[PDB]
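Peer 1: here is my input; please provide its structure:
(chains A, B and C, ligands or ions: 3)
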Amino acid sequence: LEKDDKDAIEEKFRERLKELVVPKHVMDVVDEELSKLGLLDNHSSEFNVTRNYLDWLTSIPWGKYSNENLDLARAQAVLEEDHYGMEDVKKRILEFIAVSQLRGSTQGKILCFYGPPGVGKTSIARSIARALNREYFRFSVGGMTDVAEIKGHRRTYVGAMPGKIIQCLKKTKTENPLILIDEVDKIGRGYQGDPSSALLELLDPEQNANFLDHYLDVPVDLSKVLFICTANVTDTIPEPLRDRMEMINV
Amino acid sequence: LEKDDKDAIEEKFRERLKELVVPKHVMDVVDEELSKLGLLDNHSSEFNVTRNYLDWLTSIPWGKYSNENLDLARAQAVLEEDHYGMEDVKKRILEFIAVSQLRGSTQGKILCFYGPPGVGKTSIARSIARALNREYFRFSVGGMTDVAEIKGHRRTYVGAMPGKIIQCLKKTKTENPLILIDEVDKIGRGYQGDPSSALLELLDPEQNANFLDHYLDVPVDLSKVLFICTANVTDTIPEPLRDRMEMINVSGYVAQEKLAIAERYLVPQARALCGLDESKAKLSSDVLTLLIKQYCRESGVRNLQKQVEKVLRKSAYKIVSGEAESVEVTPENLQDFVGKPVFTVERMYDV
Amino acid sequence: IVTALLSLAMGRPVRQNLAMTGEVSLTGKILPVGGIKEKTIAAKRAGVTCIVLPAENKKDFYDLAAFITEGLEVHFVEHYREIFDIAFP
Ligand SMILES: Nc1ncnc2c1ncn2[C@@H]1O[C@H](COP(=O)(O)OP(=O)(O)OP(=O)(O)O)[C@@H](O)[C@H]1O
Ligand SMILES: Nc1ncnc2c1ncn2[C@@H]1O[C@H](COP(=O)(O)OP(=O)(O)O)[C@@H](O)[C@H]1O
Ligand SMILES: [Mg+2]
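Peer 2: Residues are numbered from 1 along each chain as shown, chains lettered A, B, ... in the order given. Ligands and ions are numbered 1, 2, ... in the order given. Shown next is the structure:
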């Protein structure tokens, strides 16, 4: 059967799913959505939304793991190649590779940097990403006040899109990127919806493992990510959010 | 698989109903939808909408009830084994299971906690859910502002789906999940309609038994659920809502037993996290006493965790790459490891 | 504060290692105060050992764990004068 069967669209989703190992939990949801999706009349907007949704759902890597370099001499080499001094951060990340190498599987963590502006806090992140071999991806939140951006929308609104973090996981196509949330010190804090109360559901190390945003309801698991955060000075960071994260001082 | 007409689409629903003990109320509605679907054509957007809505009806359990445990000591053991102290909640939940055991049928109540952040207010919930045997579910509300998220839409719109709670109540087949609303203190307000103004309709201890979500208009009794709520300061919550739900004050820990929790759970946690061994990574109780009384004074527990893991991880790097085959923390080593004292023996005048 | 002032008056140093707290209402009556656990642990941490407290909080002082209350001699009092006797034996 030629002439573009609807089962072709089904199957391009299916084949996209066949390789990467999805959790069993979401393994069902896609099935019922597919079985429903075929029965729809194609011109219905409902068909457009559901197909776009199913595409968004299959796109997420599930267990793809970029492999990590671990030789310590290489870490020294690629760190001293492009940043003098500031030994504290260097020693800390070296201890990271140590502990990660003692326990097999890749691991995530949260960190925070703060010091005078312009010391290179941003550039060292990219150097670290090339050191560990994780992917890099910046994301500013200076002055942000639309909390929905971090968690998408109900999927029935027109104009809804899944929150940013799912877009970046789709972009880096890897379970354990290295996000660079930036300028948390200046984050918007007003009556319009304070992001700082929504970030806590990401940053808390223990409960983030089943983070979920309203677009695609199914929880995602961020446990292997290695967040980094920057701030010109600690004091204005809202206190509960400050408490979660370790604080290096360049 | 050619059974896409009324022969099997209405059969599978009507047979799926059987085992449930449905309130007689919604059976009428379901019957008109079945017959109307029978008169409807198999292909039209009206057909798929009505069929979708009917599926959302038939999915909901009606009177299915997760079997609840009733033994005390077996419950008290597992409630106790993974946290120290926090005596109030471990006493309260025990009384709750007592009352439930006495008067036969299962029951639900609504209650809340409050204390300094990071005392463990949220960790305990899942342990409770494994004690009582109710199915767990959580959904952070903090920073939400869309009331529709918790009330669904009108079903005549395009993508309308019932509010989050019905998703929870389908995802856990039992009708009595341990829903855990979280961080009520930091709900959004003052830029659209407050979701809090909707929340009251849920939380009324009696009235909730005829909750009426906009999507599926039939009232949904859900009185048996056991809500919980967690705000770290019991002032921001608006008064009419704050009155409904009993408070329970968790309290900050004292050092002498902050030691004995950290010496039983945290230290094993961090050691298992970093993969070391008691041989490779021995630590005396005395250094813990020093560390507690020097570098960390506070009601929370996050801080001591951070210090402990830091000490261990410095030892780990010293092992795998460094020189020592067995780091051996002693107070003399402590400055090398953690850094410098922060608090000191402040006494402006000893005389 | 009044004991501080009095120590300035006589010039006698206050008795060594003798913390104290509580409110006073213009005629030496002592009054209750909350938060006793924090003050208790802090005084214990500083090594001070003759804390004196309002009598009205007596109950609340005894609700604390015995190990916390080890080693410090409370002297409850109701009229301020007794404390004046105690600071200046
Ligand atoms: N009594 C305890 N037993 C075991 N773990 C504890 C205890 N108290 C705190 N913790 C630790 O605290 C961490 C998070 O605790 P929890 O999040 O419940 O504190 P919290 O007050 O809920 O803070 P928040 O509501 O801001 O998250 C957990 O990893 C947990 O192990
Ligand atoms: N010790 C150093 N080693 C390498 N680069 C440095 C150093 N000090 C300053 N720089 C430079 O300073 C610049 C500041 O960039 P950036 O990281 O954005 O500063 P900040 O993040 O503090 O605003 C970088 O381009 C970086 O190369
Ligand atoms: Mg919590």
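
Peer 1: any idea which element the residue nearest in space to the middle of chain A lies in?
Peer 2: Against the mean C-alpha coordinate of chain A, by C-alpha atoms, centre = their mean, the closest residue is residue A:165 at 4.6 Å. Using DSSP states H and E, residue A:165 sits within helix A:164-172.

Peer 1: list the residues that contact the residue in chain C positioned nearest to ligand 1.
Peer 2: Closest approach between chain C and ligand 1, counting by C-beta to the nearest ligand atom: residue C:65, at 16.6 Å. No exception for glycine: its C-beta is placed from N, CA and C like everyone else's. By C-beta atoms under 8 Å, 6 or more residues apart in numbering or on different chains, the residues touching residue C:65 are residue B:254.

Peer 1: same thing but at 10 Å, please
Peer 2: Shown in contact with residue C:65 (C-beta atoms under 10 Å, 6 or more residues apart in numbering or on different chains): B:254, B:256-257, C:37, C:40.

Peer 1: and for the residue in chain A that chain C sits nearest to, the neighbour number?
Peer 2: Scanning chain A for the residue nearest chain C gives residue A:239, at 19.1 Å (criterion: C-beta to the nearest C-beta). Residues within reach of residue A:239, counting by other C-beta atoms under 10 Å in any protein chain shown, total 9.

Peer 1: ditto for residue A:54
Peer 2: The burial count for residue A:54: 22, using other C-beta under 10 Å.

Peer 1: the one helix or strand it maps to vs helix A:164-172, what angle?
Peer 2: Here residue A:54, judged by DSSP H and E, is contained in helix A:45-59. Following axes from the mean of the first three to the mean of the last three C-alpha atoms, to 10 degrees, one obtains 60 degrees for the angle between helix A:45-59 and helix A:164-172.

Peer 1: next one: the following helix or strand past helix A:45-59 to chain centre, how far?
Peer 2: Using DSSP H and E, the next helix or strand after helix A:45-59 towards the C-terminus is helix A:72-80. Distance, stretch centre to chain centre, for helix A:72-80: 26 Å (C-alpha atoms, centre = their mean, to the nearest Å).

Peer 1: is any part of helix A:72-80 close to ligand 2?
Peer 2: No. Using C-beta under 6 Å from any ligand atom, helix A:72-80 never reaches ligand 2; the gap is at least 9.9 Å.

Peer 1: what is that helix packed up against?
Peer 2: helix A:87-102, helix A:123-132 (3 or more C-beta pairs under 10 Å, 6 or more residues apart in numbering or on different chains; DSSP states H and E).

Peer 1: mind running it again at 6 Å?
Peer 2: Counting contacts by 3 or more C-beta pairs under 6 Å, 6 or more residues apart in numbering or on different chains; DSSP states H and E, helix A:72-80 is packed against helix A:87-102.

Peer 1: show residues contacting the helix it packs on.
Peer 2: Applying C-beta atoms under 6 Å, 6 or more residues apart in numbering or on different chains, the external contacts of helix A:87-102 come out as A:70, A:75, A:79, A:107, A:248, B:274-275, B:313, B:316-317, B:320-321.

Peer 1: now do that helix against helix A:72-80, angle only.
Peer 2: Using the same axes, to 10 degrees, helix A:87-102 lies at 150 degrees relative to helix A:72-80.

Peer 1: chain center to helix A:87-102: distance?
Peer 2: On C-alpha atoms, centre = their mean, the centre of helix A:87-102 falls 22 Å from that of its chain.

Peer 1: quick one: it to helix A:123-132, angle?
Peer 2: 30 degrees.

Peer 1: which of the residues in helix A:87-102 are buried?
Peer 2: Residues of helix A:87-102 classed as buried: A:89-90, A:92-102 (neighbour count, 16 or more other C-beta atoms under 10 Å in any protein chain shown).

Peer 1: show me what the helix or strand just after that helix is packed against.
Peer 2: Using DSSP H and E, the helix or strand that follows helix A:87-102 in sequence is strand A:113-114. Under the contact criterion of 3+ C-beta pairs under 6 Å, 6+ apart, strand A:113-114 touches no helix or strand at all.

Peer 1: and strand A:113-114, which strands flank it?
Peer 2: Strand A:113-114 has the following strand partners under DSSP bridges: strand A:230-231 (parallel).

Peer 1: which other residues reach the strand it pairs with?
Peer 2: The contact list for strand A:230-231 (C-beta under 6 Å, 6+ apart) reads A:113-114, A:121, A:182, A:184-185, A:237.

Peer 1: hmm, try it at 7 Å
Peer 2: Applying C-beta atoms under 7 Å, 6 or more residues apart in numbering or on different chains, the external contacts of strand A:230-231 come out as A:112-114, A:121, A:182-185, A:237.

Peer 1: just stretch C:39-54 next, same as before
Peer 2: Contacts of stretch C:39-54 (C-beta under 7 Å, 6+ apart): B:254, B:347, C:17-22, C:30-33, C:61, C:64, C:68, C:71-77, C:83, C:86.

Peer 1: could you pull out the buried residues of stretch C:17-29?
Peer 2: Neighbour-count burial for stretch C:17-29 [16+ other C-beta under 10 Å]: C:18-20, C:22.

Peer 1: just checking, residue A:181 is part of a strand?
Peer 2: Yes. Counting by DSSP: H, G, I helix; E, B strand; the rest coil, residue A:181 falls inside a strand.

Peer 1: hang on, isn't it packed against residue A:237?
Peer 2: No. The criterion here is C-beta atoms under 7 Å, and residue A:181 misses it with residue A:237 at 12.0 Å.

Peer 1: what helix or strand is the closest residue to residue C:17 other than its chain neighbours located in?
Peer 2: Distances taken as C-beta to C-beta, 6 or more residues apart in numbering or on different chains put residue C:48 closest to residue C:17, at 5.0 Å, once the chain neighbours are dropped. Here residue C:48 sits in a region with no helix or strand, counting by DSSP H and E.

Peer 1: equivalent analysis for residue C:30, please.
Peer 2: Assigned by DSSP H and E, residue C:30 falls in strand C:30-31.

Peer 1: tally of neighbours for the residue nearest to residue C:17?
Peer 2: Residue C:48: 16 neighbours (other C-beta under 10 Å).
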